[PDB]
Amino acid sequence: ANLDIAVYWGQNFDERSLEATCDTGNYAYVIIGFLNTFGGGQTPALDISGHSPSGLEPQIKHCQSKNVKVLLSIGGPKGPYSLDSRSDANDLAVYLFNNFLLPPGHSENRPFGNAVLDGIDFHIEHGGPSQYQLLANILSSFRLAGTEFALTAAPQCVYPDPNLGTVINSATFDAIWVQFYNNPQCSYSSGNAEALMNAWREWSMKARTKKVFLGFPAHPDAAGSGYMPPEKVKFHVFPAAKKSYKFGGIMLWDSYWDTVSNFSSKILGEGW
């Protein structure tokens, strides 16, 4: 196989630290979640489950020294986020660029201190497209001006995605991790992977991106539905997903649960 695994981090105060997560050697991408407050008159705020944002500065740098890419995810499963006006989109693009994607500008301040992140993940779970296209257009423009970073997306598994479908059609995302969970119409169920295989086929053929990753829960308690044991993922999904030029790897929801289940350890042949 030789497998890239992306994992979400930041969902529990008590979880394995960001640096220990990177030291497992199991992950190519660590996505910090979430910037879940923005738009509609609010100042942006993070909800990273009580972790100290400034305390993450050195852990992010340590991750990066080990060649792990670290992204910040916007939106998330819950939160008062919206982007209904063009002014909201512009404000949020400029805020992310200055505070996360560029070096230090030495006087107004930065959540993560002097860390510089490797990209932005769109985990937009409600709202409609709304202005997310304009947000992506502006971030993409920044990328073309010298700041080299990734733009990724985490749509639900029904194609096209109601919140990000149109933005995914612009081809602006470097990679997408589809959530094959919490929807029985497109995820694993009953030992009936048919729904899952049919959705994967659609996504891998139609999504305008270079890399599509399959997102799975790391433990049965991690999602309402869609948990698929690692032996079945390896036997059932890999042989088919590997005939795709767009196959990127898998994404796991999430670090806290993967620590408990050792799902990534099993999928790889012990991950040291």
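The first residue of the sequence shown is number 1, and the count goes up from there.
**Q** Take the C-alpha B-factors listed in the entry for 190-198 and for 110-118, compute each mean, and give the stretch with the larger one.
**A** Mean CA B-factor is higher for 190-198.
**Q** Averaging the C-alpha B factors as listed in the entry, name the stretch that ends up higher: 176-184 or 99-107.
**A** For C-alpha atoms only, the mean B-factor is higher in 99-107.
**Q** Sort 144, 72, 167, 92 by C-alpha B-factor from the entry and give me just the highest.
**A** Highest C-alpha B-factor among the listed options: 144.
**Q** Among 32, 46, 218, 241, single out the one with the highest C-alpha B factor in the record, please.
**A** Of 32, 46, 218, 241, 241 has the highest C-alpha B-factor.
**Q** In terms of the CA temperature factor given in the entry, to which third of its chain does residue 259 belong: lowest, middle or highest?
**A** Tercile = middle for this residue's CA B-factor.
**Q** Taking the chain's C-alpha temperature factors as the reference, tell me which third residue 214 falls into: lowest, middle or highest.
**A** Tercile = lowest for this residue's CA B-factor.
**Q** Thinking about Cα B factors across the chain, which third does residue 64 belong to?
**A** Its C-alpha B-factor belongs to the lowest third of this chain's values.
**Q** Comparing residue 245 with the other modelled residues of its chain, is its CA B-factor in the lowest, middle or highest third?
**A** Answer is highest: the recorded C-alpha B-factor places it there.
**Q** Check where residue 28 lands among this chain's C-alpha B-factors and tell me if it's the lowest, middle or highest third.
**A** Answer is lowest: the recorded C-alpha B-factor places it there.
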